[PDB]
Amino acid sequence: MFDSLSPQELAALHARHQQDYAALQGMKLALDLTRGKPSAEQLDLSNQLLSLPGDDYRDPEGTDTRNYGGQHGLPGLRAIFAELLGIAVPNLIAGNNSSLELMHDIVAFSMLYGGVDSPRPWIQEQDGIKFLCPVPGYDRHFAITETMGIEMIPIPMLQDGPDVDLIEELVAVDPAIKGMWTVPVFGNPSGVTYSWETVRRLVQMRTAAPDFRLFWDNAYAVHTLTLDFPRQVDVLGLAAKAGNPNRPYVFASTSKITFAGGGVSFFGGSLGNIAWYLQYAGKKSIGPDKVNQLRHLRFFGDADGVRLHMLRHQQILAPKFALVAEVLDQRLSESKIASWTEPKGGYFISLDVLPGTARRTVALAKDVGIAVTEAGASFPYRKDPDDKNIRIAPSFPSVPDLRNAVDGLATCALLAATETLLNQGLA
């Protein structure tokens, strides 16, 4: 940490940081690093969708997609994602424009009705319900459990998955633990992909709750930043082999493949779980939007069509991620106050600044017109116990804007560090 600088040298460095920050403030910036959404250039890749499906409104089975019926979604589109996810067509359904809505409804159904093999609806559990939450994690997962009054237990992330030793120890003895949130490939925002061994342990471990569920939110399933695709671990297959076929609920989406908010969602599970979901989903809706599923089927053609499309996204995104890392390295590496992820896929870089300074860094950035994700955002209840983590979303801005924004962020992180050491430390 500022290795071998004396207090006098640190005070001189702090003055340089203040001057960098004054200059930054003079530029009157209006930049934003918070939006985990595709750029306009990425969305342009899918503009053919805007004139699809055209005159032929029938799918390959002859179904008139313009009329009512069919809860499972179009088999032809499901076959594409069955190949990508390694889940058979009967074990996969296609929904409307939101995978979050599938996860949410599953939690709501679990509360009101219980899961397919629950002893009772979760709302009838007088001692409450808990979910395990690997951190840093996805704030919209946490929002679902928080709103339903489900207690969240944060779990440390390690190199090839969460802390599975700890998870096993907790779930074995606490029947209130009903679920775990995961993003098992390129996690938001850790960038961590769960190893085969991690997945095997999670589907085999003994749980005090007979109806424990892994919410396997494979949001980034094909979302590589390199020219290679990750191998999908067969979580449903491994779970069935362990005698826990109902344990995993698998989700996926085309929001960051085609149009964000105009895509198609997917839910995968055991046949029993598919039937359970559809029994209650059938009370909610006659069924999903088949015309939008058809447009996607026509656009993609097959699984290789999706893969090639992802490589086109990769060509736009990879330079943005490379840029963020390069700027952070060049500005922060020598000070040793920070560390950051170097993800091989997904939509985020996770930055840790000097512990005790993340909130301050965000406030400094806000005052020079750079929006940076709120401190604590990737934690349940927004509680980052070390006040160090900042999520960075590189996807949306132009390269020149991203460069300025991250360089500004670095200036703020450095100033927050020297300010705190000198003014609080050497008070």
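Residue numbers run from 1 along the displayed sequence.
Checked against the record, the higher mean CA B factor of 314-322 and 274-282 lies with 314-322. For the segment pair 60-68 and 25-33, the entry gives 25-33 the higher mean B-factor, averaged over Cα atoms. When the C-alpha B-factors of 150, 103, 260, 227 are ranked from the entry, the top spot goes to 227.
Taking the PDB entry at face value, the top CA B factor among 392, 399, 52, 43 belongs to 399. Residue 88: CA B factor in the middle third of modelled residues in this chain (values from the PDB entry). When the CA B factors of the chain's modelled residues are split into thirds, the value for residue 146 lands in the middle one.
Ranked by C-alpha B-factor against the other modelled residues of its chain, residue 176 falls in the middle third.
Among all modelled residues in this chain, the alpha-carbon of residue 343 has a temperature factor (C-alpha) in the highest third. In the PDB entry, a CA B factor belonging to the highest third of its chain's modelled residues is recorded for residue 232.
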